[PDB]
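> Chains as they are written, first to last, in the authors' numbering: chain N, 1 to 347, 365 to 523; chain h, 123 to 182; chain X, 1 to 183; chain Y, 55 to 108; chain d, 1 to 75; chain J, 1 to 74, 81 to 161; chain O, 1 to 192; chain b, 2 to 79; chain e, 2 to 106.
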Amino acid sequence: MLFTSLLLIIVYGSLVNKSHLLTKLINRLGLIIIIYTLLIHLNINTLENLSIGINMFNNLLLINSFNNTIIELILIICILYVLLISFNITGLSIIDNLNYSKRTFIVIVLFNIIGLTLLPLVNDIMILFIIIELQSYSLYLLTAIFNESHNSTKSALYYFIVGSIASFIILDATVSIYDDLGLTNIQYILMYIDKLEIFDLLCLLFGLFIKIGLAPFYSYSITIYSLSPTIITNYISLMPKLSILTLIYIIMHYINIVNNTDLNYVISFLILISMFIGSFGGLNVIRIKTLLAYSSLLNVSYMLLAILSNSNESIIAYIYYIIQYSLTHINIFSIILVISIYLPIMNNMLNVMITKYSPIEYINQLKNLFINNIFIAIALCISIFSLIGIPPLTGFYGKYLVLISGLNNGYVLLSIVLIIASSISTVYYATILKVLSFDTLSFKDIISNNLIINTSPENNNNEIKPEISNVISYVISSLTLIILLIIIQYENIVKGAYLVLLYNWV
Amino acid sequence: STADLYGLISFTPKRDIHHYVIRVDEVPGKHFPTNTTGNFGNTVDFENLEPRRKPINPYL
Amino acid sequence: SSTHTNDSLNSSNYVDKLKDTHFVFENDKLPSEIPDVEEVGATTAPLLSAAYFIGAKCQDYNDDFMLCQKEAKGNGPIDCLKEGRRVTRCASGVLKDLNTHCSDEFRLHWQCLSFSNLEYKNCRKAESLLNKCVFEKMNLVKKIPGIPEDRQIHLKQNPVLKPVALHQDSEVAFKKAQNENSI
Amino acid sequence: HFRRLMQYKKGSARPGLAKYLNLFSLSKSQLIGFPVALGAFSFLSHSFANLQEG
Amino acid sequence: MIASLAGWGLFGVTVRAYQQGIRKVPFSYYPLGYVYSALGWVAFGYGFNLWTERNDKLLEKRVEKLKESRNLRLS
Amino acid sequence: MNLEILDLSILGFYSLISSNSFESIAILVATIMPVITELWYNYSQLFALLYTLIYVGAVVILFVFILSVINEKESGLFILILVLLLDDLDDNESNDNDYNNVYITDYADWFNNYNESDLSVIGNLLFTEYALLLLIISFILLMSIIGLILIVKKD
Amino acid sequence: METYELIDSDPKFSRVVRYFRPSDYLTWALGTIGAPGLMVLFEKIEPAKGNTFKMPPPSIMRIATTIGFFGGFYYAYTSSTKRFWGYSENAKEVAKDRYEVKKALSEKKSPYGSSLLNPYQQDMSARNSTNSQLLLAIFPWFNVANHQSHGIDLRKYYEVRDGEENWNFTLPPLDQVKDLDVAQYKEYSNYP
Amino acid sequence: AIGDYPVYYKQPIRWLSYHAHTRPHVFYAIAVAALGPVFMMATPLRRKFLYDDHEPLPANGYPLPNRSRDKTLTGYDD
Amino acid sequence: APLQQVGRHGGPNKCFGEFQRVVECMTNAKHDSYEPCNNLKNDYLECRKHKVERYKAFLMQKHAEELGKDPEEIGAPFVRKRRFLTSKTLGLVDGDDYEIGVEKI
Ligand SMILES: CCCCCCCCCCCCCCCCCC(=O)OC[C@H](COP(=O)(O)OCCN)OC(=O)CCCCCCCCCCCCCCCCC
Ligand SMILES: CCCCCCCCCCCCCCCCCC(=O)OC[C@H](COP(=O)(O)OCCN)OC(=O)CCCCCCCCCCCCCCCCC
Ligand SMILES: CCCCCCCCCCCC(=O)OC[C@H](COP(=O)(O)OCC[N+](C)(C)C)OC(=O)CCCCCCCCCCC
Ligand SMILES: CCCCCCCCCCCC(=O)OC[C@H](COP(=O)(O)OCC[N+](C)(C)C)OC(=O)CCCCCCCCCCC
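(1) Quick one: list the residues of chain e neighbouring N/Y192, beta-carbon separation under 9 angstroms, in chain order.
(2) Residues of the region 54-72 of chain b with a CB closer than 9 angstroms to any CB of chain O: list them in chain order, please.
(3) Quick check on e/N14: does DSSP put it in helix, strand or coil?
(4) Counting Cβ pairs closer than 8 angstroms, one from the region 28-43 of chain e and one from the region 151-168 of chain h, do we hit at least three?
(5) In its own chain, which residues sit with a C-beta less than 8 angstroms from the C-beta of N/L38, not counting the 5 before and 5 after it?
(6) Can you look up N/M56 in the DSSP assignment and give me helix, strand or coil?
(7) Show which residues of chain e have a CB atom less than 8 angstroms away from the CB atom of X/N13.
(8) According to DSSP, N/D124 sits in a beta bridge with which residue or residues?
(9) Please look up how many angstroms separate the CB atoms of residue 184 of chain X and h/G163, rounded, as I've assumed it's under 8 angstroms.
(10) Cα-Cα, which of O/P56, O/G151, O/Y191, O/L180 is closest to O/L6?
(11) Any residues in the region 120-151 of chain O with a beta carbon nearer than 7 angstroms to a beta carbon of chain h? Which ones, in chain order?
(12) CA-CA distance, N/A156 and N/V82?
(13) Would you list the residues sitting across from h/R174 in a DSSP beta bridge?
(14) Could you name the residues of chain h that J/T111 contacts, counting a contact when the two beta carbons are closer than 9 angstroms?
(15) Check whether the region 54-74 of chain N and the region 18-25 of chain N touch, using three or more Cβ-Cβ pairs below 8 angstroms as the test.
(16) To the nearest angstrom, how far is the alpha carbon of N/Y374 from that of N/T143?
(17) Examine chain J for any beta-carbon lying closer than 8 angstroms to the beta-carbon of e/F20, and answer yes or no.
(18) Terminal residues of the continuous beta strand (DSSP E) containing b/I31?
(19) Just the C-alpha distance for residue 113 of chain h and N/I449, rounded to the nearest angstrom, thanks.
(20) Measuring CB to CB, does N/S442 end up less than 8 angstroms from N/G278?
(21) Which of helix, strand or coil does DSSP assign to h/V146?
(22) Assuming b/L65 and O/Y188 make a contact with CB atoms under 8 angstroms, what is their CB distance in whole Å?
(23) How close, in whole Å, do the beta carbons of N/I388 and N/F269 come, if the pair is a contact with beta carbons under 8 angstroms?
(24) Who are the neighbours of h/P177 on chain d, taking C-beta pairs under 7 angstroms?
(25) Run the CB neighbour count on X/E39, radius 10 Å, all protein chains shown included, and call it buried at 16 or more, exposed below.
(26) Thinking just about the alpha-carbon of each residue, which of N/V492, N/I236, N/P483, N/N521 is nearest to the one in N/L92?
(27) Helix, strand or coil for X/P46 per DSSP?
(28) Three-state secondary structure (DSSP) at N/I63?
(29) Is d/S4 a contact residue of ligand 3, with contact defined as CB to any heavy atom under 7 angstroms?
(30) How many Å lie between e/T90 and e/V103 at the Cα?
(31) For the region 59-73 of chain d, list every residue whose C-beta sits within 9 angstroms of some C-beta in chain N, in sequence order.
(32) Could you tell me how far apart the beta carbons of h/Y181 and d/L58 are, in whole angstroms, since I believe they sit closer than 8 angstroms?
(33) Is any beta-carbon of chain J found at less than 8 angstroms from that of h/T159?
(34) Which of the three DSSP states, helix, strand or coil, is assigned to N/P229?
(35) Report the three-state DSSP secondary structure of e/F79 (helix, strand or coil).
(36) Which one or two residues does DSSP pair with b/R15 in a beta bridge?
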């Protein structure tokens, strides 16, 4: 349904006249295609039947209940992202018309969802390399979709080079595996899981570690995320980790058969180093996207401890964490795409150049959001409080579940560092909350009419004029209450994760 | 009861190079694109093939 | 197919230099416990000429030699040494017969094969004479399994693909039989 | 160090290349101090392991 | 079971009520909005309870096998 | 006199000293040619010709095509030979000594009366066994056609 | 675990369409008219430009109907497939399937149909299209070949169940059924 | 409509004529290409009216008789 | 299951038989563990690289060195240039030692 509709959108888009209304309407055709895909997927795919694991397409693709969880999650998060490009994020024509200037935006996104959803299912080194390129090529194109922008093109060039080296490392590990065994199917390799150099699978992981931005490779991800348009950074900083971390978990599932300790020490060396950089790095930053880039690295460090431990509680910790972290990430970026309407306008010093690609770029552009919109400020406060790990939000249960998996497997050193690194990172999450509210009472009664939102035309002066569009507001509210009120249905959700199996059985 | 149920689910059986799940349901090489009978090294017979190890569905 | 291998002669001496190929002999003959057989001495062209008469005469032994390979279950070379000598003796029997019954008809045909790139399509005039001679003096016939008798290729009166150049000894011998035999 | 010296010779006027090469450069003391410390670290770590019987 | 969908619907009313504040509009604006947001989450709430009841049936059967395995371990 | 060593030493000498982009594109052509020639002899003649048809004929002349577009603007003999000599000493890619000093053969057999080229088998499997790999590739090619036009086309 | 009888592990494409229930056609119809409606519903939710409802141009509604025409069929195709695999209610199809196969064996024809594909091509085709409906939400792939790896035992079509003996079908031994693996390798053991 | 561009779903016949006059480089490339798959569909017609498909080649190795080894096989012995 | 180790002619190659015997043992249902198949796994790796057999050749080379056995009398005769596979070397009755024709077949 995804592939067939993609061809129809490719042909149709190249026929009709270049205009914003038609570009925005085609973006609403893709929102249907992704919705239709989820209905067909959930219809045939069930947890109860995919438990054993089912080979598809001459064993090239293997699907089980652990992979199947993430495909539905990926489809869901791709619906919430397409809602941004398909509806108004602000309603001001100047800021919004950027999302509709490109007709191939939705096509490239639909290309990536095919790439993302097939990566966890791969079961052959021949198709592992092909699928990882299909996902990797789609990201470079999306990073350069705004080809007029100098920073966007400079980022895609940086992205392509780093990913090309990353893909070469992945390709070289598979070749080395084929050299030793002569087999391509992953199941056939499992028969020789004790007879092959287990470090050649680690060389495979080193390639997948680059693509998720893990230190010492973290440098490029921070640069890329702080240069792309905020609508682009909202996608490329979350989606690759959804499908690669699922793949990394499976590869580590096979690896722990021989339980090689040297493999675990090197990965612990990278997890430990990344927590240090992910925490101390964000202390001295001014750009919000650079801040969320360091925040992303720290959460990936937590999620690797659940992957590295790889027990029965590690499935629960990973499955829960990857879901709550995606909703938190969408909620935060959606707010940053909206609160740009409250920016002031000059009528000077420090010569800060703002562009239509990142209207909100600095942390102090969040100033006085407690005054301009109190309800959305709390939503950003609740979201940041989840990242801090304050209970009983979603973020606490992610760290609590990760700690169970980590300590149950003897990772005492990493468990303590993650709890040190969490507190160090609380400093720079607290700065976002300091900027949001702390200067409320001095600014309470101010004469503000130079905001960007004050350039909106007055329609009637009799009817009520809401400040924020309908769809984006409903998404922000829904994900803010889900983050806040997870305590109500937490027991059902966690018991719904006990059933996700990866060859546990009995 | 909750402490009992969690103790059952959280437990992870030990896996070594002796017991682990391999998802191959059949022996390849019954038919080849050409020259199916090579040096006759295919000692495996498919007429009297022993039953394979079928997977366990813990929800059935 | 001219792919390089590690089992026979390759394309050029530059392949040998890269691989550092040594062409190794083994003087040791077979042990006396295995009774000796007289190996077939025919070259490529005579064998391709008499291939269908070896198939007609040694059909039972060839099938039995192969069935020993199928049921040896990987130990084929060692457990079919006795059944592999019947085939060698049977095939030597046919080539010895053609040399003592149809020496000129046989030689004419495989000289044609050595003249026309070892292709059966180019030597039908010589081949038809050899088949007719073999039938009367040894009762062997050429049959291609899997098709009706009326639709065998070598009996095709007007073939679509014909030799570009004629074999003089074939055309001369053919028209002589058009007088000796087609009375 | 010698390998990074060859990269210095190839490109010197370029600002970005010397920007990154300077970060990795080790002072003449560090090129001597670092190997001694690790050699001292490995000797003292192993030696104290035998004294403690573990 | 209606009370379970009652709670889910009341969560639907809260989201629409929380949407008004973000948009900065009076909480009585467009009263049909609260019905649509309520019914949307009752549809979600209806399915969510189906999913959890399905989990109970699956988890009871899996635990039947896990108890047997523990007894073999505890021998 | 395995002269394939001398071709790469010259190649390894010019890779250390190349300055402009003309020489950088020359290192590419000077590397494929030893790759093609060492594949023509020894291992695989089919993939020597596929490399020439696909790399030289398709992706190499694209480099020089864009170099004319991009721009054309703008060490010591002791260190180079010292580095090249040091690079020259240790050339054993693997440390299985017996695997590198002991020769092997294969035994041929006559069981394969349907002899056809490798490209016959590769097509036999790519268009039947792994038809998903073939179909994804045409999908990756399709995305590039869209991907090139969105990146480069102005309006 | 709702398990039923496994009619066919790899149901053929023409069979899956011929087994649509009336409700399956309804889903195909609903999917066809749902996609154009979803475009209208979004405009009612929020106009694309301006602040007031404006019907989307007819060209978008035609491409929307096509996209929902395949999506509706794909949902219909997968739902019909679950019955064959046994994941869903298949009692109605089991009798319908048994009637066709018992009739087919009776005429000495193969239940699976004659095939242009050789033995390797038949088995290779089965590998590609078996369990391929699980990713039918991503890209399409259908079993359009008359192969023989359907995951059933043809012995189970000999025994008579309730309400079947009245059909009075005569079933020969499988060794005499045309185009079956148990009836082909009579001359050579590697050629059918 | 003396020269208007035809609408395909209202004037199918005239729509092709517009493209068979103004775009001969597209119309006949599609017309030639479709004649291949069309001819493939008419293969069953040829089977029932012209001639059957040939027998498949013996490209599976040596044809092994489907039986047990002969027990009375003699001759050509040592 | 997917085909692995396909020869250059479409049939099973040298080491396919060993790999197939491994799959039969691993996917068998009468095995409690994977211990019985451990020897079959070695044979498949052995068939491909001959590492153990090359090692055995190394000792027989090294043992003869420590005993003084003459390599030319323990080893097998060989020819390095294909043009000098002459009929004198091949053992033909009246064969010359003149080189053979390996120009064009
Ligand atoms: C052998 C080649 C040289 C060494 C390369 C080491 C590679 C591995 C490093 C992993 C992290 C990659 C860091 C990025 C590359 C850094 C390269 C570098 O050294 O640049 C120098 C930089 C500071 O440069 P600067 O000293 O100001 O200028 C020198 C003037 N000549 O110095 C730095 O910024 C380096 C510090 C970066 C952060 C590293 C800290 C990692 C955390 C380790 C402590 C963990 C503590 C956890 C507690 C429990 C465990 C004890
Ligand atoms: C049939 C022979 C064809 C080759 C004739 C030229 C042979 C001269 C040696 C160059 C080829 C050696 C292979 C390594 C590439 C080295 C390229 C290079 O570094 O520049 C060489 C050439 C002359 O410049 P030079 O003085 O040597 O260097 C400093 C100049 N600032 O700088 C130039 O770019 C001048 C124009 C030379 C263009 C040559 C194009 C690259 C070579 C492709 C053809 C040969 C393919 C490689 C075959 C040998 C591989 C080892
Ligand atoms: C401006 C306002 C500020 C905040 C004010 C507080 C609002 C409180 C609302 C009360 C609602 C109520 O009562 O919910 C009651 C209902 C139904 O409960 P039940 O039938 O017993 O289900 C069982 C509940 N157990 C376990 C308590 C018995 O649960 C809900 O819907 C839960 C809320 C949704 C949380 C998100 C989880 C689902 C999404 C999964 C994706 C990760
Ligand atoms: C079976 C139950 C289905 C319920 C309906 C679902 C579709 C919603 C469309 C209704 C019609 C409409 O959009 O009506 C329009 C209204 C009001 O818009 P407004 O903000 O006042 O705009 C101004 C309106 N003027 C122009 C009159 C001034 O929009 C809504 O209230 C949207 C409610 C949010 C969607 C709820 C979905 C919840 C998803 C939960 C699953 C995860």
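Virtual Cβ for every residue (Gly too), placed ideally from N, Cα, C.
To lay it out plainly:
(1) Ordered by position in chain e, the residues that pass the 9 angstroms Cβ test against N/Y192 are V23, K42, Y45, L46.
(2) Within the region 54-72 of chain b, the residues whose Cβ lies closer than 9 angstroms to some Cβ of chain O are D54, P57, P59, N61, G62, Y63, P64, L65, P66, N67, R68, listed in chain order.
(3) In the structure shown, e/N14 sits in coil (DSSP, three-state: anything other than H, G, I, E or B).
(4) No, the region 28-43 of chain e is not in contact with the region 151-168 of chain h.
(5) Answer for N/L38: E72, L75, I76, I79, listed in chain order.
(6) Note: N/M56 maps to strand in three-state DSSP.
(7) Result: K82, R83, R84, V103.
(8) DSSP links N/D124 through a beta bridge to N/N185.
(9) With chain X covering 1 to 183 only, the question about residue 184 of chain X has no answer from this structure.
(10) Considering only alpha carbons, the answer is O/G151.
(11) Taking 7 angstroms as the Cβ-Cβ cut-off against chain h, the residues of the region 120-151 of chain O that qualify are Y120, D123.
(12) Taking the straight line joining both Cα atoms gives about 21 angstroms.
(13) Per DSSP, e/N29.
(14) Near J/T111 there are no residues of chain h at all, since even the closest Cβ is about 15 angstroms away, more than 9 angstroms.
(15) The answer is no - the region 18-25 of chain N does not touch the region 54-74 of chain N, with fewer than three Cβ pairs under 8 angstroms.
(16) Rounded to the nearest whole angstrom, the CA to CA distance from N/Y374 to N/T143 is 12 angstroms.
(17) Judged by the 8 angstroms Cβ criterion, e/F20 is not in contact with chain J.
(18) b/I31 -> not in any beta strand (DSSP E); alpha helix (DSSP H) instead, spanning 25-42.
(19) There is no way to answer for residue 113 of chain h, as the model of chain h reaches only from 123 to 182.
(20) Their beta carbons are under 8 angstroms apart, which means N/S442 touches N/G278 by this criterion.
(21) Correct three-state label for h/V146: coil.
(22) O/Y188 and b/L65 do touch by the CB rule: their CB atoms are close to 6 angstroms apart, below 8 angstroms.
(23) The Cβ separation is near 47 angstroms, so there is no contact.
(24) Here the premise fails: no neighbours, minimum Cβ distance about 14 angstroms.
(25) Its Cβ having fewer than 16 others within 10 Å, X/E39 is exposed.
(26) Cα-wise, what sits closest to N/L92 is N/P483.
(27) Looking at X/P46 - three-state DSSP - the assignment turns out to be helix.
(28) If DSSP states are grouped into helix, strand and coil, N/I63 belongs with the strands.
(29) Yes, ligand 3 has a heavy atom inside 7 angstroms of this Cβ.
(30) Rounded to the nearest whole angstrom, the CA to CA distance from e/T90 to e/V103 is 16 angstroms.
(31) So the close ones are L59, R62, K65, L66, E68, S69.
(32) At roughly 5 angstroms, the Cβ-Cβ gap stays under 8 angstroms, so h/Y181 and d/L58 are in contact.
(33) Yes, h/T159 lies at the interface with chain J (some Cβ there is under 8 angstroms from its Cβ).
(34) If DSSP states are grouped into helix, strand and coil, N/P229 belongs with coil.
(35) e/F79 falls in the strand class under three-state DSSP.
(36) In the DSSP assignment, b/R15 forms no beta bridge with any residue.
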